[PDB]
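Colleague: Residue numbers (PDB author numbering): 2 to 64, 68 to 231. All C-beta atoms, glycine included, are put in the ideal place defined by N, C-alpha and C.
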């Protein structure tokens, strides 16, 4: 795809999320760069409204799959880059086990030379005494795999997958993700055969940052199609 040519080097990234969870409003701003050749993303995020009212690990999947590494032999199955530069809409429901849910709608597109992810998030029916609003999750994210399928009627892709969040007592809380992506423009896109994305995430802190924040290193790589 011609969209793929936009990702052969290092691309600046901006992320802007406005959220409202049980009526608690917040904003997050992030900046960094993506290196799709290596499937690599480096970002720093700040809560620009003060204290983040949910744990940072619960927002990672919401806060740019066009930076996944698709191996050469799978290039015909990379929907996310093929929709560029006009971009795509990414929508999710995320259901937290024994707690509330997030609903998210985002647009991912180029604005000038920068790849921009702009998200609206709503969080509904959380327990003030639960792990999310009560901040009882560990500051990490386990590695996970997700199955991607084509949705030809909607000219995009779908994915359902579960994240296993670490709770500070040693237990695990499941976060069940329903995802759909649709192109914004009318040009041709690549609709893929079924395949997998594998993700690893490292979360850290900036020692000179006094605001509520997250430093993120993420790798995403595709697999599961044979010639």
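(1) With DSSP as the reference, please indicate the residues paired to residue 27 in a beta bridge.
(2) Going by other Cβ atoms of all chains shown within 10 Å of its Cβ, with 16 needed for buried, is residue 231 buried or exposed?
(3) For the stretch 147-167 against the stretch 179-192, do three or more pairs of beta-carbon atoms, one drawn from each stretch, fall closer than 8 Å, so that the two count as touching?
(4) Measuring straight from C-alpha to C-alpha, what distance separates residue 94 and residue 75?
(5) If you check the beta carbons only, do residue 70 and residue 46 fall under 7 Å apart?
(6) For residue 199, I'd like the list of residues in its chain whose CB is within less than 8 Å of its CB, leaving aside the five on either flank, ordered along the chain.
(7) Between which two residues does the alpha helix (DSSP H) containing residue 85 stretch?
(8) If you draw a straight line from the alpha carbon of residue 189 to that of residue 160, how long is it in whole angstroms?
(9) Can you tell me whether residue 208 is buried or exposed, with buried defined as 16 or more other CB within 10 angstroms of its CB?
(10) Would residue 1 pass as a contact of residue 219 if the rule is Cβ separation under 7 Å?
(11) How many Å lie between residue 8 and residue 2 at the Cα?
(12) Which one or two residues does DSSP pair with residue 95 in a beta bridge?
(13) Given this structure, state the Cα-to-Cα distance separating residue 201 from residue 56, to the nearest angstrom.
(14) When you compare only the Cα positions, how much space is there between residue 171 and residue 177?
Modeller: So, to answer that:
(1) Sequence index remark: in the chain shown, residue 27 carries index 26 (1-based). Residue 27 is bridged to 20.
(2) In the chain shown, residue 231 corresponds to position 227, counting from 1. By the 10 Å Cβ count, residue 231 comes out exposed.
(3) These segments touch.
(4) Locating residue 94 in the chain shown gives position 90, where the first residue counts as 1. Locating residue 75 in the chain shown gives position 71, where the first residue counts as 1. Answer to the nearest angstrom: the Cα atoms are 23 Å apart.
(5) Counting from one through the chain shown, the residue named residue 70 turns up at place 66. Counting from one through the chain shown, the residue named residue 46 turns up at place 45. For residue 70 and residue 46, no; Cβs fall outside 7 Å.
(6) Position 195 of the chain shown, counting from 1, holds the residue named residue 199. Hits under 8 Å: 78, 81, 151, 152, 226, 227, 228, 229.
(7) As a first step, residue 85 is located in the chain shown; it is residue number 81 there, counting from the start. Its alpha helix (DSSP H) spans residues 83-86.
(8) Stepping through the chain shown from its first residue, residue 189 is reached at position 185. Stepping through the chain shown from its first residue, residue 160 is reached at position 156. Distance between the alpha carbons of residue 189 and residue 160 is about 12 Å.
(9) On the chain shown, residue 208 is found 204 positions in, with the first residue counted as 1. Residue environment for residue 208: exposed (fewer than 16 other C-beta atoms within 10 angstroms of its C-beta).
(10) Limits of the chain in this structure are 2 at one end and 231 at the other, which puts residue 1 out of reach.
(11) Within the chain shown, the letter at position 7 stands for residue 8. Within the chain shown, the letter at position 1 stands for residue 2. Going by the C-alpha atoms only, they are around 11 Å apart.
(12) Working through the chain shown from its first residue, we reach residue 95 at position 91. Answer by DSSP bridge pairing, in chain order: 109, 184.
(13) Residue 201 sits at position 197 when you count from the first residue of the chain shown. Residue 56 sits at position 55 when you count from the first residue of the chain shown. A direct Cα-to-Cα measurement between residue 201 and residue 56 gives close to 24 Å.
(14) For the purposes of this step, residue 171 is identified with residue 167 of the chain shown, where counting begins at 1. For the purposes of this step, residue 177 is identified with residue 173 of the chain shown, where counting begins at 1. The straight-line gap from Cα to Cα measures roughly 7 Å.
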